[PDB]
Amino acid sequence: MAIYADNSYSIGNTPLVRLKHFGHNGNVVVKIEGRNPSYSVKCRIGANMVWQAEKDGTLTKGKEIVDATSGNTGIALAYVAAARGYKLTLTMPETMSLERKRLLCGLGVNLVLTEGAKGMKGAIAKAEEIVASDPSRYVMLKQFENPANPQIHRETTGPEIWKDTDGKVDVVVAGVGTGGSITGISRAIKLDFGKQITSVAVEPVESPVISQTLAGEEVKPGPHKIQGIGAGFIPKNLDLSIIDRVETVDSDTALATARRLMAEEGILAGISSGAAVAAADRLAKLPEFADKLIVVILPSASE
């Protein structure tokens, strides 16, 4: 009998689709994470971060959740907070989308908006103040450094990919925001299954901090339009040691690639899915990768 006790338990088992207008003779397959509650890959970590905090007893009846995300992690936490009966406060910099605002209010989130100018620094700041005022009350889950983020990917996303490809996956390409996706997936296939694949992280050309880091060059972040990736620093949840390769992609090409997936494949993907596919396309068209099954994470749906 396959009935989930709440929405949180329904995460994952997302599908593999072969691309027709990218790669070479169907060597690029996409994993659609838009097929999830809250409609993004962050549904996995929203659930496991709450579940682990429960199991270890940092989260109980009585304790509220506070955190600073201005992206899909807010939505993910919102749905899980709702599904499991927790109050949630989210901080974010006021120059956020009414649509995002409205959706979060709908999900029953307490919204604390911070000055536009001051951005995520502002929102993070104000979140820590709020914890600081009542430590026994609020718990912060911290998506950038919480090992329950990559762990879920090791337990679900990675195995799904292995199972659905009958052990044939040769390459995995994934944009990096918190790094959790590529980390967990890589640990699972390399360490748990024992296959030496090529792990490919993707970042905006506008803010190529992983690339500059590994090349021992000056880290120089910048603004970009590829929502979901390009944090402008290395997160703790990115295990550099499992990253075989790093591909950079520009905003315009990531957007266009997105529009192409829509128009040509009938795949409703977000901008970072566009960035991930652009990178994968590039490797798929090198002779060294021609006979290699390449799996790309599509993190979200449109917008």
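Heads up: residue numbers just count along the shown sequence, starting at 1.
The mean C-alpha temperature factor is higher for 61-69 when 231-239 and 61-69 are set side by side. As listed in the deposited structure, the average C-alpha B-factor of 94-102 and of 79-87 is greater for 94-102. Across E203, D192, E128, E155, the entry's maximum B-factor at the CA atom is seen for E128.
When the C-alpha B factors of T114, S207, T183, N149 are read from the deposited coordinates, the top value falls at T114. When the modelled residues of the chain are ordered by their C-alpha B factor, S38 lands in the highest third.
In the deposited entry, the Cα temperature factor of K168 places it in the middle third of its chain's modelled residues. Annotation for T14: C-alpha temperature factor in the lowest third relative to the rest of the modelled chain, per the entry.
The deposited CA B-factor of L214 belongs to the middle third of values across its chain.
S8: CA B factor in the middle third of modelled residues in this chain (values from the PDB entry).
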